[PDB]
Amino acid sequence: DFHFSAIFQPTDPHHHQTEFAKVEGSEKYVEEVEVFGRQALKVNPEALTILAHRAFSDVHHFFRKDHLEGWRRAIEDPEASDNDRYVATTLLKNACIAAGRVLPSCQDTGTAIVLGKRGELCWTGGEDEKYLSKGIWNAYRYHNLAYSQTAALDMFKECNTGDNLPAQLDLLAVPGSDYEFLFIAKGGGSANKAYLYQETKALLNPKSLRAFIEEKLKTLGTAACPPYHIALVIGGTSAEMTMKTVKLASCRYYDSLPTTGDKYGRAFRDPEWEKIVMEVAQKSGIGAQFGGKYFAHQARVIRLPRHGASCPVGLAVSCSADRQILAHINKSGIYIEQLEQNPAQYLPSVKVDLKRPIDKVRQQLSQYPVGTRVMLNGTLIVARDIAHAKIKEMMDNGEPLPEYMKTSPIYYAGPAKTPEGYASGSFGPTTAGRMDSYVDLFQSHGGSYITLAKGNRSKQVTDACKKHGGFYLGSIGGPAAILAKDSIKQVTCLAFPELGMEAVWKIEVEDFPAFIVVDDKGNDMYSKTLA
């Protein structure tokens, strides 16, 4: 006989485990009514604007408890490495700066993602996407955030939309008369570490699955600013369903799922395999960015039903800029998840002068092995994805490598907007691996001998630095607000201003910490843990 079984059966479908604050006076935006014998809710769509504005403001200055607790755990664990503690201490201090509500916790203030669940009898007037987008527009326009969205004018010609729109608006039809939300300000760096695998029954035994996990976790590397929230989804009804689930798992949205399967194919969380993921993460030695135990905060593993011929698998992380906020609108008004406003309660090198010919800097760096902590003082030239592409194009047309690529270390980065009275907006490093295809080319043409970013890099960069006498320095990844507040003293746009954050910048820095990751001798700080 027929038995309906929903795939997802959370025991806490409305997230009662989360603490919410009500927006003062917001009961004026709602009215409970009774139509055709059923309870309904009229919602003034301005409530969606107010809510989205607040969610995408608060989320850049505060974190959840389970995120902050992980950084404290890395500081207090006797088994953590010195680098584990240094990175976690820096990120907590960064969070203390961000909680001042001026600088966002990361320069990458993310794609605006809205998961909405509108009850059958929740009546907004239907213009939900417009009103939500206006609230998002307000948050990014009137706060010191960043405009990160790139519009395609044709297949290859692009421009920044200038307002961080469009958002991703996933609005679902569900029972009842409320409106429930998960807002995510998703960094590009962790978005890029969402992976889909197409597997078979041969994966589905303990030995094969553990080897698979070990292999795939290494491909995350340090490129998305660990410690990670690691989410793994085994199965799914389609690739897109597997990937949506792994995103939500990484947001801890499915934490109240059952922990056992049944003959109807319901989804379940697997604590036994979450523990195995954490054991792999810890024993990997990758650590919180620079070697150690704290590759991962925590793990979520969800097992899904599958077509008998199929085994899609999803792997994704939430990065140091762990940014999501639950919310709901009901007959009492607008409620928004309460994040931690006092992160401070969780708190328990070689000097390199850049103000010289770059060959003198290269010579000093050559005296030290990979793993050495350095403090940089002087000028950095800032350039990432589009600027690198433009410069390669110039040289392909016979033009010289620009002077500003040959005088100073190249910082792969872009700033968020500058607060009034401040020298710099949040201004941390971007993922180095995206620039790997340029390094040998630029070095063979006399520049980019020293680069500064975050994340492990491919072997071609190690070979290039050895061939050309180059270096790759790894900044701590994630602490964009304290870097801006403490290290960055002057910021000037050098070239391609139309590129927004991706313009070429000239910045003057003091006490800028980094590690020598790749030297000029073929050595790589990550060669043992991320081989």
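Don't overthink the numbering: it's just position in the shown sequence, from 1.
- Count of coordinate-less deposited residues separating residue 348 and residue 349, as none, 1 to 3, 4 to 9, or 10 or more? Gap between residue 348 and residue 349: 10 or more unmodelled residues.
- Item | Mean C-alpha B-factor comparison - 27-35 and 465-473, higher one | The deposited B-factors put 27-35 ahead on the C-alpha mean.
- Task: Going by the average Cα B-factor in the PDB entry, point out whether 365-373 or 423-431 comes out higher.
- Result: Of 423-431 and 365-373, the stretch with the higher C-alpha B-factor average is 365-373.
- Query: Looking at 190, 124, 107, 407, which has the highest Cα B-factor in the entry?
  - Reply: That would be 407, according to the entry.
- Of the residues 201, 229, 306, 244, the one carrying the largest Cα B-factor as recorded: Of 201, 229, 306, 244, 201 has the highest C-alpha B-factor.
- Within this chain's modelled residues, let me know which third the CA B factor of residue 397 belongs to: lowest, middle or highest. For residue 397, the deposited C-alpha B-factor lands in the highest third.
- Chain thirds of CA B-factor: placement of residue 276: For residue 276, the deposited C-alpha B-factor lands in the highest third.
- How does residue 62 rank on Cα B-factor within its chain, lowest, middle or highest third? For residue 62, the deposited C-alpha B-factor lands in the lowest third.
- For residue 352, return the chain-relative third of its C-alpha B-factor as stated in the PDB record: lowest, middle or highest. Answer is highest: the recorded C-alpha B-factor places it there.
- Task: Could you tell me which third, lowest, middle or highest, the C-alpha B-factor of residue 249 occupies within its chain?
- Result: Lowest third - that is where residue 249 ends up once the chain's C-alpha B-factors are sorted.
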